[PDB]
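Have a look at the structure below, then the notes.
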There are 4 protein chains.
Amino acid sequence: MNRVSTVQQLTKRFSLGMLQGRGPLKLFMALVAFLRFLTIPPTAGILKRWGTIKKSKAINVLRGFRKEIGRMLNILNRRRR
Amino acid sequence: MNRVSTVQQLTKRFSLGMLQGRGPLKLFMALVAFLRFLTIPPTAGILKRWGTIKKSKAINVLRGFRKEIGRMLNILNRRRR
Amino acid sequence: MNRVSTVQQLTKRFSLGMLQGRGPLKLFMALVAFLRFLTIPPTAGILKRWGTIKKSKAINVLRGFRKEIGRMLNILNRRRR
Amino acid sequence: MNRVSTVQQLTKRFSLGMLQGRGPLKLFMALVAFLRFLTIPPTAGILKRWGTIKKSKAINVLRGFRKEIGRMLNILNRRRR
Ligand SMILES: Nc1c(C(=O)Nc2nnc(-c3ccccc3)s2)sc2nc3c(cc12)CCCCC3
Ligand SMILES: Nc1c(C(=O)Nc2nnc(-c3ccccc3)s2)sc2nc3c(cc12)CCCCC3
């Protein structure tokens, strides 16, 4: 039903608060990964929350991210030869 | 100081055009990974660039991101809780 | 109760859609006035809606804006001598 | 073409810092007028700049804005509906 977002829909979803480390743990961890991929320093709010996340839950989320990059690599590899 | 970004600095860097698939390949790929991590549908402009991506360069970028997820697991491994 | 906004509160209120000419008539007219004050060209969406607004209602809103600039001038004049 | 702005162009021009009271006096005064038109409370940074404004320059800017409201009334006067 909803396979494509509009730019307006994404701006509605990605509020300024997430840049201060607000939001669901999965959103926060995805944003930290995004900044680290780009070597962009975190905000004070992101660094504060980075210190308080639960080790085991954060590790579980990151294993999921590692798998998802694997899925993306499978799509691109299966596209060329 | 370049250990922390201001929210102002991040809003400046992450211009609206990146939601239409504009920018350096590393920025584009980091955004695509971020959206896939969160199961957020891409925009038409993101999907068009995904479809026409230089596959070898994109694979190299994603391999680097996967190494960075490993580095994030290694940071969290050191914690007691 | 609410005499001051946070930056986050204002970003919540001022969605991307208003730059496309979406929103209450008063919001739209305030934005058109803001752009005209700065001699910034409108977007296609703003120019589209500018053509469809009701003359008498739009004029009423603008008379209110004219009065409000008068109130602001009264505050600044009463501050110096 | 400089008869229309893109939404992208406007997001570029209207940086987050202006919500903290940063920018050219004309930009600051246009934003203060816009918020007052809509009865939206200012931020602490906007209020601080309002309190310390160069009153003569600010009055000159607002007189120009009031002339522009007149020009907008003159445009709408010409319409049949
Ligand atoms: N530019 C963005 C956004 C954006 O510009 N949102 C805006 N919302 N309102 C805006 C605005 C700006 C000026 C006037 C009126 C409204 S811009 S949201 C967003 N989310 C992401 C990105 C960018 C933006 C890319 C970085 C990865 C996180 C996801
Ligand atoms: N920058 C603004 C806004 C803004 O940056 N909103 C954002 N919302 N989400 C953003 C974002 C950006 C990147 C990543 C995640 C979230 S920026 S809203 C807004 N509203 C006004 C102005 C600016 C902004 C000034 C012009 C007069 C209209 C009122």
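Each chain gets a letter, A, B and so on, in the order its sequence line appears, and its residues count up from 1. Remember, it's 1-based here, ligands and their atoms both numbered in the order they're listed.
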Subject >> Gap separating the CG atom of C:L62 from the CZ atom of D:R71, nearest 0.5 angstrom >> reply: 13.0 Å
Subject >> Proximity winner for atom 25 (C) of ligand 1, if only heavy atoms of B:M18, A:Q8, C:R13, C:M18 are counted >> reply: B:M18
**OP:** Heavy-atom distances under 4.0 Å are what count here, so tell me which part of C:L19 touches ligand 1: side chain, backbone, both or neither.
**Re:** side chain
Original post:
Considering only heavy atoms of C:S15, which atoms of ligand 1 have at least one such atom less than 4.0 Å away?
Top reply: 16 (C)
Going by atom type alone, with no hydrogens or angles, which donor-acceptor pairs under 3.5 Å involve a side-chain atom of residues 44-52 of chain B and a protein atom two or more places apart or on another chain?
from: B:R49; atom 1: NH1; to: B:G21; atom 2: O; distance (Å): 2.9
from: B:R49; atom 1: NH1; to: B:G23; atom 2: O; distance (Å): 2.8
from: B:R49; atom 1: NH2; to: B:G23; atom 2: O; distance (Å): 3.1
from: B:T52; atom 1: OG1; to: B:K48; atom 2: O; distance (Å): 3.1
from: B:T52; atom 1: OG1; to: B:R49; atom 2: O; distance (Å): 3.3

**OP:** Work out whether the distance between some heavy atom of D:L16 and some atom of ligand 2 is less than 4.0 Å.
**Re:** yes
All N/O donor-acceptor pairs, side-chain side in residues 25-34 of chain A, below 3.5 Å, sequence neighbours left out:
none

Subject >> ligand 2 to C:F14 polar contact by distance, N or O atoms, under 3.5 Å >> reply: no
Original post:
Taking atom 7 (C) of ligand 2 as the point of reference, which of A:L31, D:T11, D:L35, C:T11 owns the nearest heavy atom?
Top reply: C:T11
**OP:** Quick one: pull up CZ in B:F65 and CG in A:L73 and give me the separation to the nearest 0.5 Å.
**Re:** 10.5 Å
Original post:
Any chain of hydrophobic side-chain contacts (each under 4.5 Å) joining D:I69 to C:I75?
Top reply: yes
